[PDB]
Each structure stands twice: as C-alpha cells, then as structure tokens.
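Spelled out, the chains give:
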Amino acid sequence: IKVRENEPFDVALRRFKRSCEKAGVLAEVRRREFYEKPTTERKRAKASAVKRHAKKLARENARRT
Amino acid sequence: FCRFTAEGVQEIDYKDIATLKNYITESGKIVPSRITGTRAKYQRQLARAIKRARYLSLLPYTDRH
Amino acid sequence: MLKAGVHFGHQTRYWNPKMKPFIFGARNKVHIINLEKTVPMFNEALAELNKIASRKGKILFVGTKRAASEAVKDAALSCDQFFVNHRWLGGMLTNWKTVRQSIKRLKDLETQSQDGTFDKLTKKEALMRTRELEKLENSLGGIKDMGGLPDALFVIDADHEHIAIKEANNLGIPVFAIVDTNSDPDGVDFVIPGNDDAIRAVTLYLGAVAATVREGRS
Amino acid sequence: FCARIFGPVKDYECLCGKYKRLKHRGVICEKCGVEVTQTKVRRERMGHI
Amino acid sequence: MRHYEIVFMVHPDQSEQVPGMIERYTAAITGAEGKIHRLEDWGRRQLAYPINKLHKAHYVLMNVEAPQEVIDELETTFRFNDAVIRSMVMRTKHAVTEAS
Amino acid sequence: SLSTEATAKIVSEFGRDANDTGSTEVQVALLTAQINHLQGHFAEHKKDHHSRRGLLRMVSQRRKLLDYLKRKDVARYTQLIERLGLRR
Amino acid sequence: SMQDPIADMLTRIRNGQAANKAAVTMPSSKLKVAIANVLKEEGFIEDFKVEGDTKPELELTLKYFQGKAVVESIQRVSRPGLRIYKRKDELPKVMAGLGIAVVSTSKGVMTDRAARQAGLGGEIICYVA
RNA sequence: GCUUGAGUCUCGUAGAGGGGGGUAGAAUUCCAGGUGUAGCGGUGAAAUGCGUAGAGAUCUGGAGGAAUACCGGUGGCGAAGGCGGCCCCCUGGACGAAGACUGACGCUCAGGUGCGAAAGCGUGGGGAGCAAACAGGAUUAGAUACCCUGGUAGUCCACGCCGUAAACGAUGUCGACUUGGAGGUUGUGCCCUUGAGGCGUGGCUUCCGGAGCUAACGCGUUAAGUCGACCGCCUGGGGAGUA
C-alpha cells in the first residue's frame, strides 16, 4: 500500500506495493461480474494446481535413458 | 506447523492481538492458509476472530484510508 | 538365518495388498510382506524345482534388474544353464520363431569376427560389426544355445518384467517368481513373495537353486 | 570431510538427506558415487594424496 | 443464564464518567440475576481505524452471564448511549477470564 | 425444537420409566410435543419451505407408530389421544 | 430392504466366489440351514455351523476342488415377486444332469431328485450348480 | 412372539440450507463548493456524442437502488432447483460414540398434491451499472449483426398465474453383495493425543484399474457389475414433439 524508505533508493521501487496486493483489486473491478466465472475458474484452476504435485510423484519412477 | 490451532486448545480469541498482528499483513489483509500452515477449518475460525476484530476495531479492514 | 537375513521382505504400505491374502503382511515401520507363507513356502519350492530339474526342464533365469543381473549370469553360466540378464526384447519367447533366425544372426557374426569378415572390409565398417555384437549378445546370450524352449522359469522381478511372465504364458511355461504385495501374482507356477529386489536375496536364492541344478543334471 | 572420498555423514544418512531406507544400502548416485554405510566403517575408509 | 462476551468502546470524552456507569451496568446484572466473569478497564486504547470522528476510543470489557432478554435491553442501551459507538456480544456455552 | 427439559418429563409421565423410551406412547407424544411447541415456527415469518420437509418427516413418522398401536392395543390408542390429545 | 433372504444368501455365495473366500456369514433360518445342509449332502458347500445362541449366525465354509469353484453358476428361481409352482413332471433339471435344483416340497427342502423319490413338489427354491 | 430392516430418545458437530428485519465498509451515476487543462471515450482504423454555458480527473460531504473481496477448498447443504460478509428470532436435514425399546410399524407408485431457477403479465414502490423496441457513425455490394454513445420492459421485494429447461456425473429410487491407493471435507473409539501420528468405523465426490459389461470410448464400492421390488418410456428419420 505505502512504501517510504527515507533516502537510500534513487528509485521508484514498487516492491511492497506488489507485495501487498496492488493489482488484486483491479483484476476484479474493471469488467462485468459475470455470475458464472467463480464456479468455473475456482474449480478448473485448483484442479490443475493439484496436478503439479501429482506430477512430482509420477515422474521419478522409471525414466531410465 | 504451529502450536496455535492444533495444540492451542479452544478457539483463539481476537482480544490478544500480540499474535493476530502475525496473521494479518501489516495492512489489513489475511495471510492465506497455504502460507501460514493451519487447517482450513481454524483458518476460518481465525477468520471469525479477525472478522470480529474488524467489527470492534482491533484489526481494521485496511491500514489507512 | 531367516533366509537372506529376513526374506519376508519389507514393502512400504503403498504395497496395495490385494495380495493381502498371500502374506498376512506383518509390518515394520515401512511395512513388510509375508512372514509365514514365505518361509515355509520355499522348502516345497526347491521340491518342484528339483523334480522338473531332473527331467531336464532347462531352467531360464530372468532378471532385467541392473544390480542382480550378474547373479543371473552366476547361477546360469557357472553351471551350463541359460539366462536373460538384460533389456527384455519384445518377442524373444513368442516371436522366437524369428529370433531363432536372430540366433543365426548372432551365432554367425561371432563367426565373422573370428575367421569371416574380420578385416576383409574397410576398417570404418568393421567397428560397427563388432559393436552391434555386444548389444544383442548381452541379452540374447542365454538362449542362443538352447535346443527348444524352457520349462523352469526363475523370474526375479514381476514389478518390471511382467511381460517376461506374460510372454512365457504364450506357451504355458511354469513360473517360479519371487514377488510382491503390489506385483502380478496371478498366473504363476509358484509365487514365492518376500523381497525380490535385494542383492543378498538373489545370493542365497540362486545359491539355493544353483545347488539344485548341480543335481538335476544327473 | 567428503562423502565419496571418505564416507556417509551419518549412518546410511545422506548429507542432502536424500537416501534414508536400509534397502538402498549400496545405491550409487550417478553424480556422487557415495554408498550409504555405517559410520563405523568410516574408520576403515582411507583416502589418498 | 446465557454467556455473552460484551466488549464495548465509549468516547474518550466519557473516559471519566463511564466507570460510574460500570457501576450501573453490572449492578443491573445483579438486579437481573447474573454473575460477571471478568470486570476490566484497560484505558483509552488507540483504535485500529478512525470511527467517523475520533481515533483512540475507551475500551472496557465485561464478559457476563446474564439472560438474553437482558443483554438485549443492554445492547439497546449501549446503542442508545452517546458514549458507546460500538458494542457487540458473542454466543453462549464458552467463557473466558484471561482476555490478555 | 422439543426441549430436553420437557422430553425427559413426557417420558417420565407417559413412559413407565426414566429410560424406556422405545415404546409407542412415548415416541408419539414426543413428536406430538415437537409440533405443539413448533407452533411458534410455522406461525410467524411463514415462508420456511425447506422447514416444511422437516415437518413432513416428524408428523408422518408419528402417524406410523400410531399406525401400529392401532393394530395392537386400541385401548391405549384411544387412551393416548385421550390424555395428551394428539388426534386433533 | 434386501427383499429376499435367499437372494442375500446366493448373492453372498456368487460374489462369495467373486471374493474367493473360505468362510461367509449371513442371517440364518430354518430354511437356509435346510438348503445349506443339502448343499453339503452333495458337495457344493463344506460344513456349515449354526454358531449362535438366540441369534443363528449361518457360517458357511466355501468348497473348491481341482482349484475351481463347485458352486460356479447359481441364482434363484422362486423370486418373491414371481413364485414358480412346479409339479414333478415339468421339473427343471439344471445342466441336463450336471446341476440340481433345491426345492421346498410337501415334505421339506431337499434335492429335486429326492423330491422325485417322494413324488411331490411345488416351491422350487433355487438353481445351484 | 423374537431380531441382524425402518425409526425414536439420551449427549454433541460443521455450513453459500431457508424465511422476516436490521447493520458495517466502500463505490459507479448525479448535485454543490476549492484547483485546473484543452482535450475525453474507444477501436484493427474511424466516428456520432461531450466540451470554453469550463467536461474527464482530484478532495470532502449527501440522497437512492443493487451487489458481497483476500480466506475459496470437481469443498458444503438439498428430492430437485438453487444458493457465498455478519448478527438477531425460529427451525430442519445429514452423521457419530456407548446403550435402552416398539418388534418388518418398510419401499414405490397412473389420476392427484406440493416445490419449481429464469422470464412475461395484473398491483403497490422502483431506477445507479446494463440492456429487448429505436436512432446515429461505419467494416461492407446493403445493416434493422460483432463495436460505441443514450435509452423503455426488465434486473430487485411481496401476493397469484403459465407449471417450462442441458430441471444432465445426460445414468430414477431403496436394500444387499463384490480385491485398493493418492486426495479433499466433517466426527468418534483405543494406545505414552508425550507433538500437527498409527489401526478400525459412516455420508458425499474426482481420477487411475480388477472381476464384469459394451459397438467402442470407458463406468468401475457414488458402477454402464450381479439380483429382487416399484414407476415412466421406445419400435427408422422427416412430418412434429406441431394443429
């Protein structure tokens, strides 16, 4: 939200901004709500997130080349 | 892995904020359940603590206006 | 002493025990395998392994496992028996009616590197004739001199050489396979569970079988 | 204080803590050929110059 | 009969004329059959975010066992008091004594 | 909601013991006492359509154990509805 | 609710094979005892026990032979919805003589062959082969 | 007459389940006041429109109407449909540890009754954002389509009517039986819960597979597998799910 750092910068540095939320408000307020997307993307999204872990366990078995 | 909502028995009230200023980000946000490893149930129970802290002005909605 | 120190194996819980029956899987941290049914089930094992040995059954030793692959060459080459210690070629016991022609390939190239085309050609091509020899030899060598098909089959892993088991069943050959509680126990002559992925397992397994060969050839 | 030249930091325990179980008591890493073994054997493990 | 963790904040203006009301409110619980678990007066602790006008309100805790029909009249009084700006209660069965 | 303070008393009156609650004159009066106190719920606010299947449940089950007391003891059946009053 | 007790029995017998066990329990009755005692008399099932004081726990001991199930193809005839009343002449002979049919006769539950010995019938319980 | 079926009681558990009302924070449109520019919106490009009668933007204050962020989890509730802030009043369904009982009191079902998102209409309120009808600039051989600037029914709430759907893991409901694992969510019993563990017992749901079935893809303890009970429906498409 607000970064200060007295005078050892000489740069804008939007570090804590992007560390707090920053864009997380814009992504939801720019276009129409669309009553459907939540359902959709909450599900699809996390399902694929679980696949990476599943990938971790299934990629180390053989691979003998 | 914390002795908060596993060994810390019986709902953690928001009165002792000397621990809740560790759960909120220095602004007013909440730290995901995938960051500070706690069971989703009590992250909602801590969500009840932070919610009433926002209703009794101990933990605001955000840092400043 | 309790076979290779402890032949009831080990198998970590993802041991998915359909096999549950065949082992009454006792556990030790990681878990384990088949206490009872493995210890007693090996005396009667060397019994069948003894009879079809005297009636000349040609006992093949199959182990595609990189580590105990030489224990396969031990129990097989030290006697006269045959083996398969490398990459299981798809069809060396089901398309063998064409791999016998591959033996014609293997056995005559041995001849060509000897007195045939050993230096009657450009050096540039010579190199390749020899090279290929090594590759098809390390896996086909233990079947090259057979005068038919095997009857006794000592398959080590089932978790990896399941097709080695399946293609032998293309002719119905009895399989003496040491397996697991998450392997392929269905379709054997004798599943002798417990550990089947330990260097000393194959040490006293094949040692206790190499001795049985030294008797069945009389 | 090397794993390959002398021996396992701890008993059958890798320094990176990759290998743990007893069944892999001889496995050699394609990179670091370090056989996990009893630290007592790390009295017999001599090195050279 | 019922547990209600009544936490309330009054004005730093009433920071001195409220302890007298502390006598009022809990004496009313005495006149309505009820025991108090933790009577506390911390002071005028600094608020989180300014509540419409001023920052830093005067917090006072009670956490009292009283009928719901009594705390109903009570929260009404809080909400209809120029001191209290915010005052909320929790649910029954559980009670505290630490609050620190 | 059928308070516990009343349930243990109905089983205390109608039932011949503190805990012999698996009998006819108990489960009926108990469920009847649920309705008798449920007045306050289906009188005010009215639009509880999901709570309607809850009603469906308990009222019909009540008519099921009465459905059995009828085939057994008609003397106690007319007596049960006579003491408490659960026919009307 | 598990509308047919014999179904609850033969299902546990069919899939008792689909599980390949050696002992299967189920609610017992004078009837099931009868059927299993005849299944024993032949060589379908092995020794059954009525172990149970007032609660008869019908415990069977499945029987195999060569390494194959003797009770291989089995199900019910007298469905609770369709009760098939058969006489003596129009009696069903499973497998032209390689399987039998348990029948509750005017004398009781026994093989259809023993029902012929009596010369009377009616309720043909189930086909067991 | 007796219980392994159904169900009730004693003691408890989590939530977008619902109905009626209220509250909190902040914001788009609009209005006014302090400052100030000649541009703003938007598109592949362009433009109608607005503006020097000081817009857009910025700060503070205010009246309406409507919607619930991070936490969020092929997770939860339910017959289905559908539904996310919180509190207050009331209540139900699902499930479980250890026991006491009635003793098959159970399941389903044409005509029928009830629930029925959304939308249209009759009535009393209603209008910020958006949007059928319509107008205008254009890509184009044309625009009553994709874009944009406005705007009415409507969107919201309550009382009724039509009683309609992809009202679809497209798989009706109930009970029993048939090798498992990684998981997610919600309880409990036992052991040194000394610690975020181990071994059993139920509901819901996803994926990989065995027995089995199928045209095949694949379903697979929530089955398209094996039986019994109950109900609706089909006999090539079009005509037409229409008069």
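Student: Sorry if this is basic, but what is going on with the overall build of chain G here?
Tutor: When you go through chain G residue by residue, the secondary structure sums to three helices and seven strands. Seen in sequence order, chain G has helices and strands lined up from the N terminus as α-β-α-β-β-β-β-β-α-β. Rg of the C-alpha trace for chain G: 14 Å, near the compact-globule value of 14 Å for 129 residues, within the 12% margin. Considered along the principal axes of its C-alpha atoms, chain G spans approximately 35 × 35 × 25 Å. Taken across its 129 residues, chain G has 39% of its residues classed as buried. Within the structure as shown, chain G displays about 7,900 Å² of accessible surface, and the carbon and sulfur contribution to it stands at 49%. Of the charged side chains in chain G, 20 are positive and 15 negative; the average position of the first set lies 5 Å away from that of the second.

Student: When you look at the domain arrangement of chain G in this model, what are you seeing that I'm missing?
Tutor: A common measure of how large an interface is: the accessible area buried when the components associate. All names here are of chain G. When its domains are assigned, chain G resolves into domain 1 (1-71) and domain 2 (72-129). Here the C-alpha centre of domain 2 lies 18 Å away from the C-alpha centre of domain 1. The interface is formed by 16 residues belonging to domain 1 together with 16 residues belonging to domain 2. When domain 1 packs against domain 2, close to 1,400 Å² is buried across both sides, 71% of that on carbon and sulfur atoms. Sorting the residues of domain 1 by area buried against domain 2 places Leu 10, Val 38 and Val 71 first, and these three jointly supply 30% of that buried surface. Inspection of the region where domain 1 meets domain 2 yields two salt bridges. Across the salt bridge formed by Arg 76 and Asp 4, the nearest N and O atoms sit 3.1 Å from each other. For the pair domain 1 and domain 2, the number of links is four residue pairs in polar contact. Mapped onto the side of domain 1 that touches domain 2, the elements with two or more residues apiece are α1 (7-14) and α2 (30-42). For the side of domain 1 that touches domain 2, the leading source of residues is α2, giving six residues.

Student: What is the right way to look at the packing of aromatic side chains in this model?
Tutor: Within a pair of aromatic rings, the relevant descriptors are the distance that separates the centres and the angle that separates the planes. Taken as a whole, this structure holds six aromatic pairs over all chains when the rule is applied. Aromatic ring contacts, followed pair by pair, group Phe42(C), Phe154(C) and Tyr205(C) into a single cluster. In this structure, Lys37(A) is placed above the aromatic ring of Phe34(A), and the distance from its NZ or CZ to the ring centre is 3.2 Å.

Student: Would you mind showing me how to read the interface of chain B and chain E here?
Tutor: Opposite the 16 residues of chain B that make contact, chain E presents 18 residues. Summed over both partners, the interface of chain B with chain E comes to about 1,400 Å²; 60% of that surface belongs to carbon and sulfur atoms. Considering only the surface of chain B that becomes buried against chain E, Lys15(B), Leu56(B) and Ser57(B) emerge as the three largest contributors, covering 41% of it. Linking chain B with chain E are one salt bridge.

Student: How should the pattern of salt bridges be read in this particular structure?
Tutor: Pairs may arise between side chains of opposite charge once their charged atoms sit close together. Applying the stated criterion to the full structure yields 14 salt bridges over all chains. For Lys63(G), the salt bridge goes to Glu46(G), with nearest N and O atoms at 3.6 Å. With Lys63(G) in the loop between β3 (57-62) and β4 (74-76) and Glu46(G) in strand β2 (residues 45-49), the pair connects residues that are 17 residues apart, well separated along the chain. Of the residues examined, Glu46(G) reaches a relative accessible area of 29% and is grouped as partly exposed. Taken together, the shared-partner salt bridges connect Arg16(F), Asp20(F), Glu25(F) and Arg76(F) into one network.

Student: Please explain the sheet that holds strand β3 (residues 35-36) of chain E as it appears in this structure.
Tutor: Strand pairing in a sheet takes place through backbone hydrogen bonds and is either antiparallel or parallel in direction. Residues and elements named next belong to chain E. The strand order across the open sheet built from three strands is β1-β6-β3, with neighbouring strands paired in antiparallel fashion. The open sheet has two edge strands, β1 (2-4) and β3, and neither has a second partner. Across three bridges, β1 lies against strand β6 (residues 64-66) in antiparallel orientation. Of the residues in β6, the one forming a bridge with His 3 is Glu 65.

Student: How should I be thinking about the protein's contact with RNA strand H in this particular structure?
Tutor: Near RNA strand H lie 74 residues; those nearest to it are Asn16(C), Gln68(E), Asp48(F), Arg53(F) and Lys64(F). Between RNA strand H and the protein, one listed contact pairs a base nitrogen with a side-chain N or O atom of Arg42(A) at 3.4 Å. Side-chain polar atom of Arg48(B) to a phosphate oxygen of RNA strand H: 3.3 Å apart, as the coordinates give it. Mapped onto the surface near RNA strand H, the elements with two or more residues apiece are α3 (37-58) of chain A, α1 (40-53) of chain B, α1 (4-13), α2 (24-38) and α3 (51-72) of chain F together with α1 of chain G. Among the elements that make up the surface near RNA strand H, the one with the highest residue count is α3(F) (11 residues). Among the residues forming the surface near RNA strand H, the class breakdown is 17 nonpolar, 27 polar and 30 charged.

Student: Help me understand the arrangement of the chains in this model?
Tutor: Pairwise contact counts over the three pairs of chains in contact peak for chains B and E. Across the gap from chain C to chain G, with no contact made, the nearest C-alpha atoms are 10 Å apart.

Student: When you look at the sheet that holds β2(G) in this model, what are you seeing that I'm missing?
Tutor: Residue and element names in this part refer to chain G. Strand order across the open sheet formed by three strands is β1-β3-β2, with antiparallel pairing between neighbours. The strands lining the two open edges of the sheet, one partner per strand, are β1 (24-27) and β2. Neighbour-to-neighbour, the strand axes of this sheet turn through a mean angle of 25°, independent of strand direction. As defined by bridge partners, β2 adjoins β3 across three bridges and the pair is classed as antiparallel. Its bridge partner lying in β3, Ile 45 is registered against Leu 62. Contacting β1 and β3, α1 crosses the sheet at an angle of about 170° to β1. In this fold α2 packs onto β1, β2 and β3, with an angle of close to 140° to the strand it touches most, β2.

Student: Quick question: what am I supposed to make of the environment of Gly57(C) here?
Tutor: Residues and elements named next belong to chain C. Within the secondary structure layout, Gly 57 lies in the loop between α2 (45-54) and β3 (59-62). Here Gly 57 falls in the buried class, since its relative accessible area comes to 5%. Along the backbone, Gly 57 and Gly 216 are 159 residues apart, and their C-alpha atoms lie at a distance of 9.2 Å. Excluding residues that lie within four positions of it along the chain, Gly 57 makes contacts with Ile 52, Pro 150, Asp 151 and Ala 152.

Student: Is there a simple way to think about a nonpolar patch on the surface in this case?
Tutor: Residue and element names in this part refer to chain A. A cluster of nonpolar residues, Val 25, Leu 26 and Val 29, forms a patch on the protein surface that exposes about 290 Å² of accessible area. Checked against the element boundaries, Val 29 lands in helix α2 (residues 26-29). For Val 29, a relative accessible area of 57% puts it in the exposed group.

Student: Which parts of the structure should I look at to understand the nonpolar core?
Tutor: One recurring pattern in soluble globular proteins is that nonpolar side chains are buried together. Residues and elements named next belong to chain C. Counting residues in each nonpolar core, the largest one holds 26 residues, and the members touching the most others are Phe 61, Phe 154 and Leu 206. Considering every element that reaches this core, the biggest residue donor is helix α8 (residues 201-216), with seven residues. Core analysis: the second largest hydrophobic core is formed by 25 residues, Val 62, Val 84, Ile 173 and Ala 177 among them.

Parameters and conventions
Residues numbered from 1 in each chain as written, not as in the entry; some residues may be left out. Chains lettered and ligands numbered in written order. Part of a larger assembly, values for the part shown. Heavy atoms only, no water. Helix = DSSP H or I, 4+ residues; strand = E, 2+ residues; numbered from the N terminus. Rg over C-alpha atoms; globule rule 2.2 N^0.38 Å. Buried < 20%, exposed > 50% of the residue type's maximum accessible area, 1.4 Å probe, protein only. Areas by Shrake-Rupley, 256 points an atom, 1.4 Å probe, with all protein chains shown as cover. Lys, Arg positive; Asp, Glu negative; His and termini not counted. Charge placed at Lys NZ, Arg CZ, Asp CG, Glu CD. Domains from an automatic or database assignment. Contact = heavy atoms within 4.5 Å. Buried area = accessible area lost by both parts, 1.4 Å probe. Salt bridge = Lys/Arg side-chain N within 4 Å of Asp/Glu carboxyl O. Polar contact = N/O pair within 3.5 Å; in protein donor to acceptor, adjacent residues only side chain to side chain. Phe/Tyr/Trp six-rings, centres within 6.5 Å; stacked < 30°, edge-to-face > 60°. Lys NZ or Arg CZ within 6 Å of the ring centre and 35° of its normal. Pairing = 2+ DSSP bridges. Near = heavy atom within 4 Å. Nonpolar A, V, L, I, M, F, W, Y, C, P; charged D, E, K, R; others polar. Axes fitted to C-alpha atoms, helices over the stretch in contact; angles between N-to-C directions. Patch = residues over 30% accessible without salt bridge, like charges linked within 9 Å, V, L, I, M, F, W, Y side chains within 5 Å. Core = buried A, V, L, I, M, F, W, Y, C linked by side-chain atoms within 4.5 Å.

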